[PDB]
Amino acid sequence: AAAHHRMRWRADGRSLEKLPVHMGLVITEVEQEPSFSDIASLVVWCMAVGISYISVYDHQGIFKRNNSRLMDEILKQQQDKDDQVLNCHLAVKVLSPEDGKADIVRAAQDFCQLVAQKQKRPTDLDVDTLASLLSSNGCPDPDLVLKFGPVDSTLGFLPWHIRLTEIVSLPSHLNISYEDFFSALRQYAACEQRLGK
């Protein structure tokens, strides 16, 4: 039955016109503490349907300050344990506001220091090289952001990285269903990016 569930989720992801390589989960709801079991379900659903990377984000840093409780919940819902832990660590990133603007600033400090050390010229800094300095260096930008809650804002989520990201909004993550999550994927799959053309 475990192999049956895996096959269904794989068929589901494979059936869509396209799947996000990298999905962001933005939790805006502040009235209630976030539900870690619901977030973990979303993350496991992404992995099960074929999405490579999932970033979990809240403007207050709640997830970043409860990283271990979130991983434990994610690992629990999947059911060598070391291999599963390493896999979750490679796929899941737990972000907070400092991962956006404050990290662009960190990259600019690093570059300016290289200018100060006569290693680089100001004209060396272009868009590509700025992205190389950006702490998300080896990772693809988020294709899809699922925003939960009533705030119509990205609330500081990876400003540099969401230049082309599709933003689908859901009212709440609190008792999220697989159908609600897959509906969002269907919406993303139907998007057409013309890239300026």
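The term rigid core refers to the most C-alpha atoms you can superpose between the two forms while keeping them within 1.5 Å. For every residue, the number given is its place in the sequence shown, counted from 1.
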Please work out whether 128-136 or 162-170 has the higher root mean square C-alpha deviation in 6 other deposited structures of this protein relative to the shown form, with the rigid core as fitting region?
128-136
Pick one of none, 1 to 3, 4 to 9 or 10 or more for the number of deposited-sequence residues not modelled between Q79 and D80.
4 to 9
Per the record, averaged over C-alpha atoms, which has the higher B-factor: 151-159 or 63-71?
63-71
Comparing 133-141 with 165-173, where is the mean C-alpha B-factor higher?
133-141
From the list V26, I54, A40, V30, select the residue with the highest C-alpha B factor recorded in the entry.
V30
Could you look up the Cα B-factor of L95 in the entry and say which third of the chain it sits in: lowest, middle or highest?
lowest
Ordered by C-alpha B-factor within the chain, which third holds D103? Give me lowest, middle or highest, please.
lowest
